[PDB]
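**Student:** This is the structure alone, sequence omitted:
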């Protein structure tokens, strides 16, 4: 990063325990995601650092997948910058680090904050949009609760699989509301009959359910 | 964390152990209970730090419960904040870090002292209210002291559900002993019964209870 | 502790490997006992540090048991201080850290050496007087030696279990002398026939036996 | 340890590895043999330090044997100390740290140089005289070189019992080779026999013994 | 390594992790690929350092292959070195560190800059040309995309054998995509076929290939 | 070692991970051999340091074997120094550290570079000339290749066992050439028919074979 302008390479042990953690819990752990967010906002990065971090971390397949969704995000961001009002004087190759304006490590020491947040958002989104090994064609009406089942651990499996088959943030977050009230057992569904019929403002709909019907055990 | 404002992230070594401890022992070990507030009282945090720390650490089932109770405590707090004398000008989304004025790292570096401790106090209760993924939380009279079982281990199973299900602190310290020998082991209740009301000044009545009950099981 | 007056909190890794060691070998290991003695005499502690150390270490059951025997030791020490010749101007709440003379961390920075050794002896005794999981009603005349059995490893199991069922230091240390000469096999008992009949001074009675009859193998 | 007197304890990290090594290899590995005297010659110790270190580390069966031989060596030492010219004024309980003048940390900070090395020399022999908890120590002619077995491994099984059962150092270096080929493997004794008395100056005769014996087994 | 000449060795901790990583993952993980050149570009090495590092790390089967290709690259390099304009005066055994003038540590401290980078460039290719001890390296048409299998994992199995079997760098970047869909999965080839020649400027054609191929298997 | 003259003892963790590595992979690993070379050339050692390093590392059997081949190397080096032209004014006891010229640690601080390289070569050779547990009488015409066998992993087992039964460097390195061409399967032997009949200069004969016939897989 930069302090007051030079480059400082990372300490070696960070790559070691990062490789350890991704090897143990996959590239889409909730653990390593916020680890990436912490190391992202905690330092001032250039895209070549993102190249070293990505190539130093995964199998070759996930590395190239990261490269591809990075490329598509570059094109999307460039179209939105040219659609901006007024348009943004930021190209694609400044966002990728190829070309005689941005080839070297010393060239990228003099970027600006809009590029910082832009590469931050786009590489974070690139990490969010990776698949993983392990495949099964998902059908929503196959998973349901059982007797004496703890309520949040039931809805957690519905929470996690919802971001797989739906790209839109809104489309996945509306159907979990519907699948929550149906796939609940009727004794827990009995608790939501006043809550269903009046959705409250200043509040997440799932958040009201979990702190509503907590006392159903066995 | 802020300092004298730059937001420095945590170390990579700061979080791998934290991810280790939750799978090794759980979310409410006494070890991580005194580990969390050490960081909370040696540093000075913004709500996005907790957004990092919980999402990096919990399970998907636990993290949703954390987010559920986190926004739930805001409703109890903001009613206290609005009717104070003098009334303070702090709204809902200033707590949650959402909205136009609270969703960047540059924004959250510009907050006063009197917001921070409310975030700490609500986050501690949020961290305490998590359920383990083994089961749900049982009721009060669903669990009592077992037969041919030790005494002081089962009375430890009350203070946790007291901190879980009860808000007021001195209510917790008074419900437990008045639930202690009420459906306890009756052979132990013989020794326990003549000790009622024999408390000198400022001591745990449960202390002399387990002092008396030596243990007969095994 | 204090150097020349401030408070310094402990490093985090000490609690980590302490929790590791007690989890591996129990709270009454010979290992962790002298670890407690080393960290006890190696630093200048206040009772609130003992609270953090105890609560940061065990299951809830052992923590409250520690609290109880701590309380009983406070009462015993207070009775002996009032029985002292002349009596000692040291109360109970100075030894416990509750009350407006001794509530805060900064209040306990100005104690004196008699309180230091008093809290040292009494918390050490509190750790010595803990039980553990694992129960069996002990009967002394059930364990005995066998053929080709190594002599010190035979008497070690008699050494360790002797402090369980007897609180008095003298009563447990006299009966092991008797059980040593009887539960030995006659070929090793043959070696002690000059040693039995004249107990030597300046010497422990078991110590003479072990460096007497070492050469009985097989 | 003392310094320029304050008694600073060891680190917590100083002892966990020490507890690791005894269960990992034993009490008289060559590794901990050179580990112990390194601390003993880089620091300056009181007898209560050894009371800490042994009780933190050994088994209950080992610790009693250590305490047994520790007081046993005092009887051989104090006869040498009383009849010296000039006679030194150091008694029994000054060695053991017991009694009114030697049982506090404030007391043991007030000792001269000429006590310390005697404690070190007696403690090294005490640490050497421990028996492993697998069995007892066999006799001399109970063990000899096995048939179809390597040569130089079994001759290593003599120097340990020499240091165990013999006090005088140059007696140990002369008993071993005069016990070496006396009931060794007789086919190897054919090659060994014409090498007697062929030692030039200041070398191990056993060196040329294992030089000659190439190894026939397997 | 040299400095401002004394040859300082590496740390002991520098190499145990390196020995750990090869048995943990292999000789050409991406992790050690970016680990090696970090040392190679943060330090300045002589050929005897690589003699240390490979022999300390590989298997006996791997180390001989490394030594085999290491001397093999010298023949291609020295023909370039002899016919240059101006011709440089560097011979064979100056590369290999053998002979009267290059086989001591005092000798190799006396070399110029323009030798060093050739050693680095040849050693990287030498480290890349190693075969794993599971099997040998297969041919080109022995392996293609499998049936009911993911797409972008199997195309990763081409760039490695490209770097293995091909010397010229831009030949590698052009052989792979012209071998990509040639015996790939034909149902995927239906979507792949209309994308030929649609490359704007300076991008991976394989990127849009795996962009198109979503994945049908499983 | 020495910097500008004192002695500095090693850090304790170096002995720890050295004992770890030799315990895992034996004293004749390719790993630990170059570790010894790195720590050898990386520092300025005295023979007493070699004593501490050797005694701190192995079983007693390997330690005494090291001592013996050390002794024989002293005698060989002394005969060659007296056979030198002019002879070398370096004795045996300067090379061993016994005697009133070389008894102490402070005495060995003032050696010279010929002694440095002499003790380096001779202790390295002492480590090379150790046997190990695990015995089997070797016969060369028992091991051969199979179908689809990877060629370098076949010859690696012939490479490693060749230094066991032959002490001469030339005698073992000539017979592996013969056993290479015979014990190869005829399809790989088919590749060497132009290479057999003209051995190339500036090249190792095995090195040409491995980079000749690499493409025989299956």
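**Tutor:** Perfect, thanks for sending it. Numbers count the residues shown, from 1 in each chain, chains lettered A, B, ... in the order given.
**Student:** Quote the end-to-end distance of stretch A:98-115.
**Tutor:** End-to-end distance for stretch A:98-115, by Cα to Cα, to the nearest Å: 15 Å.
**Student:** for the residue of chain A found nearest chain B, what are its contacts?
**Tutor:** Chain B sits closest to residue A:42 of chain A, with a gap of 1.8 Å, by Cβ to the nearest Cβ. Heads up, the C-betas are built off the backbone N, CA and C, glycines and all. Counting by Cβ atoms under 8 Å, 6 or more residues apart in numbering or on different chains, residue A:42 makes contact with B:7, B:8, B:9, B:10.
**Student:** closest to chain A among those residues?
**Tutor:** Taking Cβ to the nearest Cβ as the measure, chain A lies nearest residue B:9 of the contacts of residue A:42, at 1.8 Å.
**Student:** That closest one: what's it in contact with?
**Tutor:** By Cβ under 8 Å, 6+ apart, the residues touching residue B:9 are A:38, A:39, A:40, A:41, A:42, A:43, B:1.
**Student:** next one: phi and psi at the first one?
**Tutor:** Here is the backbone geometry of residue A:38 (degrees, to the nearest 10): phi -70, psi -50.
**Student:** before we move on, back to that, would you mind giving the contacts of residue A:42 as CSV with distance to residue E:180 and secondary structure added?
**Tutor:** Compiled in CSV, the contacts of residue A:42 are given as follows (distance: Cβ to Cβ, whole Å; DSSP: H, G, I helix; E, B strand; the rest coil):
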residue, distance to residue E:180, secondary structure
B:7, 44, coil
B:8, 45, coil
B:9, 40, coil
B:10, 43, coil
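**Student:** circling back: buried among the contacts of residue B:9? Make that a PyMOL selection.
**Tutor:** Remark: buried members of the contacts of residue B:9, expressed as a PyMOL selection using 16 or more other Cβ atoms under 10 Å in any protein chain shown:
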select buried, (chain A and resi 38+39+40+41+42) or (chain B and resi 1)
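**Student:** Between which two of the contacts of residue B:9 is the distance greatest?
**Tutor:** Taking Cβ to Cβ as the measure, the contacts of residue B:9 span a maximum distance of 15.1 Å, between A:40 and B:1.
**Student:** if I read this right, residue A:21 contacts residue A:29, doesn't it?
**Tutor:** Yes. Taking Cβ atoms under 8 Å as the definition, residue A:21 is a contact partner of residue A:29 at 7.4 Å.
**Student:** Distance of the residue of chain A found nearest chain E relative to residue E:212?
**Tutor:** For chain A, the residue closest to chain E is residue A:135, as judged by Cβ to the nearest Cβ, at 2.9 Å. The gap separating residue A:135 from residue E:212 is 19 Å, by Cβ to Cβ, to the nearest Å.
**Student:** Please tabulate the contacts of residue B:9 in JSON lines, including the columns secondary structure.
**Tutor:** Below are the contacts of residue B:9 laid out as JSON lines (DSSP: H, G, I helix; E, B strand; the rest coil):
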{"residue": "A:38", "secondary structure": "helix"}
{"residue": "A:39", "secondary structure": "helix"}
{"residue": "A:40", "secondary structure": "helix"}
{"residue": "A:41", "secondary structure": "helix"}
{"residue": "A:42", "secondary structure": "coil"}
{"residue": "A:43", "secondary structure": "coil"}
{"residue": "B:1", "secondary structure": "coil"}
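**Student:** what helices or strands is the longest helix belonging to chain A leaning on?
**Tutor:** Under DSSP state H, the helix in chain A containing the largest number of residues is helix A:60-82. Judged by 3 or more Cβ pairs under 8 Å, 6 or more residues apart in numbering or on different chains; DSSP states H and E, helix A:60-82 is in contact with helix A:47-55, helix A:113-128, helix E:156-165, helix E:205-212.
**Student:** neighbours of residue A:195, just the number please.
**Tutor:** 15 (other Cβ atoms under 10 Å in any protein chain shown).
**Student:** Now for the most centrally placed residue in chain A: which residues touch it?
**Tutor:** When Cα atoms, centre = their mean is applied to chain A, the residue found nearest the centroid is residue A:128 (3.5 Å). The contact partners of residue A:128, by Cβ under 8 Å, 6+ apart, come to residue A:33.
**Student:** again, only this time at 10 Å
**Tutor:** For residue A:128, the contacting residues are A:28, A:33, A:36, A:69, A:163, by Cβ atoms under 10 Å, 6 or more residues apart in numbering or on different chains.
**Student:** Got a PyMOL select line for the buried ones in those?
**Tutor:** Filtering the contacts of residue A:128 down to the buried ones (16+ other Cβ under 10 Å) takes a single PyMOL command:
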select buried, chain A and resi 28+33+36+69
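**Student:** What is the most widely separated pair among the contacts of residue A:128?
**Tutor:** The widest separation within the contacts of residue A:128 (Cβ to Cβ) is 16.5 Å, between A:36 and A:163.
**Student:** Next, the angle helix A:47-55 makes with the helix or strand residue A:24 falls within.
**Tutor:** Per DSSP states H and E: residue A:24 is located in helix A:12-25. Angle of helix A:12-25 versus helix A:47-55, following axes from the mean of the first three to the mean of the last three Cα atoms, to 10 degrees, is 50 degrees.
**Student:** near chain D, anything from helix A:12-25?
**Tutor:** No. Helix A:12-25 stays clear of chain D (Cβ under 10 Å from any Cβ of the partner chain), getting no nearer than 18.0 Å.
**Student:** quick one, that helix and helix A:60-82 angle?
**Tutor:** Using the same axes, to 10 degrees: helix A:12-25 against helix A:60-82 is 100 degrees.
**Student:** Check which residues of helix A:12-25 are buried.
**Tutor:** Neighbour counts over helix A:12-25 (16+ other Cβ under 10 Å) mark A:15, A:16, A:18, A:19, A:21, A:22 as buried.
**Student:** quick one: the fifth one and residue A:34 touch, right?
**Tutor:** No. Taking contact to mean Cβ atoms under 10 Å, the distance of 11.5 Å between residue A:21 and residue A:34 leaves them out of contact.
**Student:** what about residue A:216, how many neighbours?
**Tutor:** The burial count for residue A:216: 16, using other Cβ under 10 Å.
**Student:** Tell me which residue in chain A sits closest to chain D.
**Tutor:** residue A:13 (18.0 Å).
**Student:** can you tell me which residues contact that residue?
**Tutor:** The neighbours of residue A:13, taking Cβ under 10 Å, 6+ apart as the test, are B:11, B:12, B:13, E:17.
**Student:** Walk me through the domains of chain A.
**Tutor:** Domain assignment for chain A by CATH domains of a matching chain gives A:1-136, A:137-218.
**Student:** Reformat the ones you listed into JSON lines and put distance to residue C:55 next to each item.
**Tutor:** Shown next, in JSON lines, are the domains of chain A (distance: least, Cβ to Cβ, whole Å):
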{"stretch": "domain A:1-136", "distance to residue C:55": "27"}
{"stretch": "domain A:137-218", "distance to residue C:55": "27"}
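**Student:** hey, which of those domains is tucked in deepest?
**Tutor:** Stretch with highest mean neighbour count among the domains of chain A: domain A:1-136 (a mean of 16; mean count of other Cβ atoms under 10 Å in any protein chain shown).
**Student:** Roughly how far does the spatially closest residue to residue A:40 that is not a sequence neighbour sit from residue C:118?
**Tutor:** Nearest non-adjacent residue to residue A:40, counting by Cβ to Cβ, 6 or more residues apart in numbering or on different chains: residue A:120, 5.7 Å away. Going from residue A:120 to residue C:118 by Cβ to Cβ gives 58 Å.
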